[PDB]
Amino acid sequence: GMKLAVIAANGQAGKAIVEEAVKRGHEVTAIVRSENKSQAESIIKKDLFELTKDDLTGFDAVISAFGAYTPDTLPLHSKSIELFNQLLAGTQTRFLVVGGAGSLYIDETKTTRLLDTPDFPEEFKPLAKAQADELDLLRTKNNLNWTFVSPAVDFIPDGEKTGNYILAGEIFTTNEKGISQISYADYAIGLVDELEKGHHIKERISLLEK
């Protein structure tokens, strides 16, 4: 039994994690901006960047499922990291981030990331860059127990809950079909598994179907 806080729990990914974590038996606090649509026990209706340490004290882990509402608010991904670091560094609390797949390295050389390939679609670049900047900023946070959780390339909100996912690392990975996809449901399962049985501190993991 853990006490978890989920930022932006009204988001599609956020409530996916809430619903999964609740099912596991953990007591979940939803930190939201509007009325709570999630299955969460307690609600803190507050603006993300107005959070204090006293808001995040008394949690085993804090999971940010923050997603920029507008393209000009995309830089808030980085500002959120800076904020959360200010609030959680020094403490032993875990800070998990629902990340992007664009920042995954293409191979073991770890010189180029998916984001940087000539064929990476223009319309994805703004979010992918913000999520990449987000991850780059986390690596400089020495006294923060962070874990960046990259989803698959194809991340599907109401995708089928298969129950069978693959845990990978810093490098882009596919299943046996050469495909990189995962549902929000299966992703939540993998993320909560890393909460219950979590090796990976101050590093990024990745999740995918099958």
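Numbers follow the displayed sequence, beginning with 1.
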Exercise. Given the B-factors recorded for C-alpha atoms, which segment has the greater mean, 110-118 or 84-92?
Worked result: 84-92
Seminar exercise, completed: Stretch with higher mean Cα temperature factor, 149-157 vs 48-56, is 48-56
For this session: Choose from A68, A30, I179, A185 the residue with the greatest Cα B-factor as stated in the PDB record.
Result: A68
Exercise. Against its chain's modelled residues, does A40's Cα B factor rank lowest, middle or highest third?
Worked result: highest
For this session: Rank-wise, by C-alpha B-factor, drop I171 into the lowest, middle or highest third of its chain.
Result: lowest
Exercise. Once the chain's modelled residues are ordered by C-alpha B factor and cut into thirds, is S64 in the lowest, middle or highest one?
Worked result: lowest
Exercise. By the record's CA B-factor, is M2 among the lowest, middle or highest third of residues in the chain?
Worked result: highest
For this session: Give the position of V192 by CA B-factor within its chain, expressed as the lowest, middle or highest third.
Result: middle
